[PDB]
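Notes follow the structure.
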Protein chains: 2
Amino acid sequence: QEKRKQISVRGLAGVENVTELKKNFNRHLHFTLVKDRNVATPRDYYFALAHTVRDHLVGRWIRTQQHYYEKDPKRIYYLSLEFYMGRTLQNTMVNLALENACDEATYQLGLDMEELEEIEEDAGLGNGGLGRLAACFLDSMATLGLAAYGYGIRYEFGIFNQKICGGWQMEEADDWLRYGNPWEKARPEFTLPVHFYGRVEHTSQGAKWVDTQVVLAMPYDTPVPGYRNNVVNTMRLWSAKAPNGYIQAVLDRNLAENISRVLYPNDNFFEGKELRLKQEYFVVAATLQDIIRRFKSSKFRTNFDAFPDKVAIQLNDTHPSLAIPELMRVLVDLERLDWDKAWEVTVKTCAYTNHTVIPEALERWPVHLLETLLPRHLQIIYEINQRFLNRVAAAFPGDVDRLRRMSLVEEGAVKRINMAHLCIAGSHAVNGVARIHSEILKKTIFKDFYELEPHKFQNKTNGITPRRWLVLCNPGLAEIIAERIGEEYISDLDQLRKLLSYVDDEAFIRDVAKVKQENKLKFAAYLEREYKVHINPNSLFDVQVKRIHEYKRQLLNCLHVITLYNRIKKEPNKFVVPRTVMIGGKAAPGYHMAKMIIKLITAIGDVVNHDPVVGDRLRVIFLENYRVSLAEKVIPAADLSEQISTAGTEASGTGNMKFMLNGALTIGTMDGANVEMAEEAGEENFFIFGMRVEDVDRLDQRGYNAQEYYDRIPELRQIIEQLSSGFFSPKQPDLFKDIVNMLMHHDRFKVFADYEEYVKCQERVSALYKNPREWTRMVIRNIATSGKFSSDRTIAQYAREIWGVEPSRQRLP
Amino acid sequence: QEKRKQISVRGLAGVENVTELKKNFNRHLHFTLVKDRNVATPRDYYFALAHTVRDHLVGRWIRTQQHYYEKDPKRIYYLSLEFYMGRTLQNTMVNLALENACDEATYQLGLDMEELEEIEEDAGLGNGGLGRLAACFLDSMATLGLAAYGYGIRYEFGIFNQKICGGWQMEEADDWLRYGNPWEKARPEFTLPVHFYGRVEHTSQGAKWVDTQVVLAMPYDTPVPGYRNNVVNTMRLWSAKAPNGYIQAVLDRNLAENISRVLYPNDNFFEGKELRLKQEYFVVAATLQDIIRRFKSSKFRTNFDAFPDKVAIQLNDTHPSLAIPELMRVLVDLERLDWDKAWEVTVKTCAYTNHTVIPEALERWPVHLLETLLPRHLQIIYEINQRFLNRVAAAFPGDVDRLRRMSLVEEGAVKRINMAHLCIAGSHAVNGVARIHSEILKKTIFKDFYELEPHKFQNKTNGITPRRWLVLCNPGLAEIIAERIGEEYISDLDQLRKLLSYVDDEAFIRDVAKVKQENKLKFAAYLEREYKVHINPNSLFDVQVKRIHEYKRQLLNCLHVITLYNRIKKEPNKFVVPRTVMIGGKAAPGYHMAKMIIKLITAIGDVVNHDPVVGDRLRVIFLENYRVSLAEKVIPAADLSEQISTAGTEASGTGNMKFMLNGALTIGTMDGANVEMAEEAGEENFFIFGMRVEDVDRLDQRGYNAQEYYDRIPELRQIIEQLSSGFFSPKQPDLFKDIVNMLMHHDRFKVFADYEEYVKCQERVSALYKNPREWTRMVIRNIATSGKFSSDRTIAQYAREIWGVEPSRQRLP
Ligand SMILES: O=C1NC(=O)[C@@]2(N1)O[C@H](CO)[C@@H](O)[C@H](O)[C@H]2O
Ligand SMILES: O=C1NC(=O)[C@@]2(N1)O[C@H](CO)[C@@H](O)[C@H](O)[C@H]2O
């Protein structure tokens, strides 16, 4: 209670507030939960607290939304098929300044608030970085006072819960709604219809989309609180409902209700299932009906010319790209605008954000599927394509191959629509998510488009919210910073640059170190308690946590780990800096190599963790079920952050920024936002290694030959021979033959090309770690220059450079 | 507001209570609903009222349940696959004495409480009489202070909503949960597992049921308030949940969740679907786990001998009959009791109520299905059968045909288990639901069983609650009665016999008549408003409302209606008492003849209602979507109650009692509880006609020949010739050929045999109706002798004669 008390960033425990909070906790326990103190469990107490905390959002939510309707500012509609929100109780209390008051109120009731917070399920409606970016963006938009609306789908099952059984991943449905969600509000009264299939009738009123099947879209609205500004915006997620022999017809309502059943668990990989396309159109269609209704009730041919002055649609990836043709369908077929005026409006309303580089991560839907499911949309896409290729032909006359490359329609045995090209043609702005990625979009990936319309192309380096990713998850660090520079940095993170004044301050050096040690102790206690794994608290915590994907190269980290193990065995008496290497992350079901990688991590640990010569000098653990609530516990405890993707493959990364803000040093390639992070802190304060993008390209030009590296590096050959001969799988000697085959003959990500410099860089890490004072001084140089990586900076640049609206920190009454 | 005010039976509007109710309405509107007075609709105001009213049930619910756990009285478990509860807001306010206070509170807020009550959806978890009996029984059990628990299944879809399209029934899913159910409380924490399929392993610990598939049973608990006694019991309904490639496995969770999806819409007809058997075992299995847990936490080999002293299981029909073998399975396989002691306990715990006569309404499950789905239960049933047939053989030595007739196992191409015989063997009491039906169970249907164990056989004449079926639905009548004899009759209905003192009281005669006229005006306004049908308010309202079934003979009512029409056309100048004949009721989907009957009613109206000679002297309407909330509006408005089943087919009826309590006179056969109703009022005050059961049997003995009636009755022949030649279906002349064929050659219910006496009796009705004073005096003789038909009388006799517990009207603090 004592540290919680002491933490001034957690606010005040005013005596009347504490009294009111207690009263309301007991009121909810009785009237809402219908429980009594003799039978109540810790889960019942968590719900009573959550309902109490929620009541504090209500007046601000109704007043904020009423303010927008009165004032009529331009509205921002952020459309996304993922929102990885995490848990909400602590975030709500931080943003409303209720944390110490609730801590005191619950303490007076005989309860431990932190134990109650652990009952909450993450809302895990996203796969990883992109879903988590959308959640940091809704927080930043509310903190910056924008009239912003996140729109998505309410999946009944989010990303699966990962169990590890016999060292392998197993997927279990994440039934996050089992005990209810006290944060959302069902809005059945605002249910709207969404159409599928059918056919187009061309008459004298234009086209008519008829004979469709209807699925209803019921919205659930969740409040999104800004940081101490009394703004509460809304996330509206749509849930699928069947329209309004006999038994079997009732049971068959499940087919339409299956649209919102489960998140597709792919990360940087397009799976073209019809059910996903349905999910996409379902979000787009219901969402554009709200946009159009709100526009018509706003101010006021008069109306649609001003539509782009009052609406921005922000497409998160191409997942909601059908908003481009759906808006044209509504404006032309239903509102009766002429095509040209409708297209003018559509392009000024929409903007697209791209988050990938790999060709197989782009959405390319078969024309036959679009024809069957959304026949009027395919007509509209072909017309969009003919007018855009007419502009290409007039700008670059006679360049026939440019027409083929830029077309929305891709040739082949199955013709497809390239949804990225559709977004570029229909948006006034296109952006990537880190300077290197935005630049490669202009130079290579979409170079023809950039040449046609260079003003469309922008950069918006990603960021993370310093509320969840510093005040909530690492209050100790938040408090020692506040002790020196006040609290303003929480909503103005560039003020962390003031911490460079303390690089030679003995107390500050002391306290940064003390906070990291406390977080390592809290993490080790969580691991012993919840998963019964024991880790050495006096070891360097070396952490690689992110989805499992060949491009992120968890395998390169495996090679390093086995190198440390083999070096210890060769020279057992030689001192080495003790390490706890932790790797965690989910594999898409169906991505075989990623599943084998998880099994290799566990298998390495099975040998390494039981070798008496190694003892506690080296431990390798796989962290099960990596997810936002676990990132909040392990990132603050980390010493080394592994950001080792092959140069050119991580479009930005965001876990890299989380670690930098939480006092870890980074070992990484010049990839994604790592380049900007190293620029901000100074490259001498980062452990950059390996090929740069120019090097990777040179290797591709002459041909990547993994055998050359195997032949020239004895230590590498040793590990490959261990893997192949069954040293890490004695009961099934050929278990890892597929990983070896890939590494030796088909590695698109050049794991062996960075092995030598990776292992050398790791040694430099270890050498600095032996000097605690200078390790900590380099940490202070990182925390103090992490300010650019606030999502408030990123959202302020979307507002000013894309949406045309000015962000504000002015408090609402 | 004025009559509402004046109605003293509606309680007091205390000034502080009105103030508190208003405060709490606004609090719920803001914090619970997240609405504000500018956007709030009548639906939002209904929910704010419902949440306010619900808060008044909470303390009594927690205190009542705590009282049982402390005091440890014998607990009554009433198991039923149907609970036709209807709407709850008004019932809750009546039982808690909040009706005038809420009426005043809402009136001060500018709202009309009666309009808000109309927003509520009936909870229509039952088909008709049997489901509605279970709901009147839960009310009576709470009013009599019993520690009773109703246990059922929470169907997502209850009985379908009936639309009439082109004069035919159409079924629509009744999505009663769309806007939520504010009355229930989800209890996910108390979810339990239910097993299916698998196989039995016989070991040295006895049998072991292994390799099963699990479906979870999540309970939802709904409060059940007694009448002004502060008792609030619980209805617990179980909801199916799946246990704890990849996408398809998540979607396939729907298969297990389909167990609680929809009510089978059959009335007096067994459909042997596997999914229904699953529904049955799901209720039984989860329910017996609660019973056993509660017993073990109660008092205290010691334990199970006292099990029948602390538990009663009441089986509503054979639908939960699997409780007999499930209890033996739990006691023998899991608790390790020996078979004999377990059977002793099981028979003293269980009791069965039978509600049907027709052979096809009895449950007979294929042994192959039971073998596949519930292999240990089939083993147990065969053992139960062998020991029971050993008792039969020792009691009646050498009677081999008795063994075949009484066996639980029925022979044939498909062998089946007769669930009624299983209940009789495993229960200490068996009862029918009206004296004539209980007697036929002993004399014919289960005569061998009665001869073996005569002490098991009982009678429990059905009843209805006078709360919903008099105070709620007909406050005007409730008030004129209270004016004379106080309010005690509401929970002691035999006090209505005091009203026989007023058969010659001019004011009372005047006011009974005035109340009926007001109800007819309210009903006619509802019909004009909601369905846009116009009825003549100065006509005799002749009402037949009940499920559509050949045995209930809506067709006999059709023949009468056409007879009136044909008699008018023959002698147009002759005065006749104007009538509005209304028939309503649902047909099971799939029951062809019942669907054709609905179409014949509409078709008759299509001719009759547009004939200028008839004008407003005769109108015939089909009332769409007959359901508990509609019965509460039309029964109080009725003048004549049609209860015309063939003698011997309606086991009791309950709509007959509703009409008697609400001031209608009855035209009926000596069938079911009609016989007891006529006994109570005096046969001179009832319009009894037709064959008695002895007559029906004599006709069966010589052979029913419908042609004889056609040949001897000119007026009947005329109608049959109209039907056959297309007079009621000119565009499709042969439309009713199937109804004619059945009537003429395959009528199991002898419609033509009662035609002549039915039409004569109807004329006697009409003659009395021409003398308003003497019609009303005969109504007073009916209302005043309706007291035996209170469900409190019926439940007091179950408590004393079957459950061994004493009912009480003592108030809880
Ligand atoms: O498909 C993707 N999943 C991601 O996490 C991703 N693209 O988007 C993120 C948010 O822009 C990026 O930071 C990450 O580099 C990229 O892989
Ligand atoms: O299967 C049935 N449905 C009914 O309504 C029924 N049996 O049960 C009721 C309740 O006991 C009876 O009143 C009714 O006569 C009988 O048909």
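In order, the residues displayed for chain B correspond to 8-251, 262-317, 324-836 in Swiss-Prot numbering, which applies throughout.
The backbone N, Cα and C atoms fix where each Cβ goes, and this holds for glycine too.
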Looking at B:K290, B:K555, B:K681, which is the one Swiss-Prot tags with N6-(pyridoxal phosphate)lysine?
B:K681
DSSP-derived class (H/G/I helix, E/B strand, else coil) of B:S514 (phosphoserine):
helix
B:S747 (phosphoserine) to B:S430 (phosphoserine) - Cα separation in whole Å:
47
Gap validation: 10 unmodelled residues, flanks B:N251 and B:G262. CA-CA distance in Å?
17
If you measure from the Cα of B:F317 to the Cα of B:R324, with 6 residues left unbuilt in between, what do you get in Å?
11
Tell me the Cα distance separating B:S15 (phosphoserine) from B:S748 (phosphoserine), rounded to the nearest angstrom.
58
Same chain only, sequence gap of 6 or more: which residues have a CB within under 8 Å of the CB of B:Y204 (phosphotyrosine)?
B:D218, B:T219, B:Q220, B:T395, B:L396, B:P398
Residue among modified residues B:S15, B:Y227, B:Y473, B:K681 with Cα closest to the Cα of B:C143 (site 'Involved in the association of subunits'):
B:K681
Taking only same-chain residues 6+ apart in sequence, whose CB is under 8 Å from that of B:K681 (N6-(pyridoxal phosphate)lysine), what do you get?
B:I487, B:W492, B:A654, B:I658
Tell me, by DSSP, whether B:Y204 (phosphotyrosine) is helix, strand or coil?
coil
What does the structure give for the C-alpha distance between B:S15 (phosphoserine) and B:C109 (site 'Involved in the association of subunits')? Integer Å is fine.
14
If you compare CA-to-CA distances from B:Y156 (site 'Can be labeled by an AMP analog') to each of the recorded positions B:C109, B:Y227, B:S430, B:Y473, B:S514, which comes out shortest?
B:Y227
For the modified residues listed here, B:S514, B:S748, which shows the highest count of neighbouring CB atoms within 10 A?
B:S514
Pairwise Cα distance for B:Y227 (phosphotyrosine)/B:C109 (site 'Involved in the association of subunits') [Å, integer]:
27
